[PDB]
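Below you'll find only one chain, the form deposited in one PDB entry, shown as structure tokens.
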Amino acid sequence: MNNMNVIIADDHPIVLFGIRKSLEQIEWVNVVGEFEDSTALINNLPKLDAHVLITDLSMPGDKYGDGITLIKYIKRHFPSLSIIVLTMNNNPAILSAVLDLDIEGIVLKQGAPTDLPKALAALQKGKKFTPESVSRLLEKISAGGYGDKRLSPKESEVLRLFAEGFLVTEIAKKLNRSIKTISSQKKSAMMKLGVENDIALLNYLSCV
């Protein structure tokens, strides 16, 4: 008698198809609309009584934004609406940015076919869902977002002093090691962070 009205939005109709199959094997879900661009979605959301939107992260919007910004748009403008984000982007920084939006869950498209029905079941109990394929990928950028390889204490110290305005020769004195050592530790640290020059490095460090 009381079921979850769902809207589904994706760029590609074979995805829209695949989701519709998964969801008609669930009696308490009613799909009340499907859309292939963000403009038709946004423009029809006021006309449709929906509890939840399942949507692609990377859907093309000519009006209301793209990607993460489009998800912010929707949250802000339809605040009662629960959102599950469906994506194929398994970059940790991207998945993390998404989760800072306080949406009701994330599902990877190449993650298990069972994840989407779990997401909705969690949501049907007022709960948020996060699959393990996502959980473990967020382990990764455990290291403060450096990546897998953390800075060594010595490496961190060198960069700390550079950021404070010391030139390499001054750091060698301050730390009592050779200039060949210091340059090698800086280089090594810059390699771990993904920076190729000092201005990029100093930019990098000023938000960290």
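So that the term is clear: the rigid core is the largest set of C-alpha atoms that superpose within 1.5 Å between two forms. Don't overthink the numbering: it's just position in the shown sequence, from 1.
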Stretch exceeding the other in mean C-alpha B-factor - 112-120, 134-142: 134-142
Read off the CA B-factors in the entry, average them over 63-71 and over 145-153, and name the higher stretch. 145-153
Take the CA temperature factors straight from the PDB entry and tell me which of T55, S178, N44, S38 peaks. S178
Among modelled residues of the same chain, the CA temperature factor third for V107: middle
Among all modelled residues of this chain, ranked by Cα B factor, put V208 in the bottom, middle or top third, i.e. lowest, middle or highest. highest
Going by the entry, which third of its chain does the Cα temperature factor of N90 land in? highest
Sorting the chain's modelled residues by C-alpha B-factor and splitting them into thirds places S188 in the lowest
By the recorded C-alpha temperature factor, relative to the other modelled residues in its chain, which third is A200 in? middle
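What comes next is about the form deposited in another entry, which is not displayed.
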Checking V168 here: with the core superposed, does its CA move 2 Å or more between the shown form and the other one? yes
2 Å or more on the CA of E196 between the shown form and the other one, with the rigid core superposed, yes or no? yes
Using a rigid core alignment, state whether the CA of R20 is displaced by 2 Å or more between the shown form and the other one. no
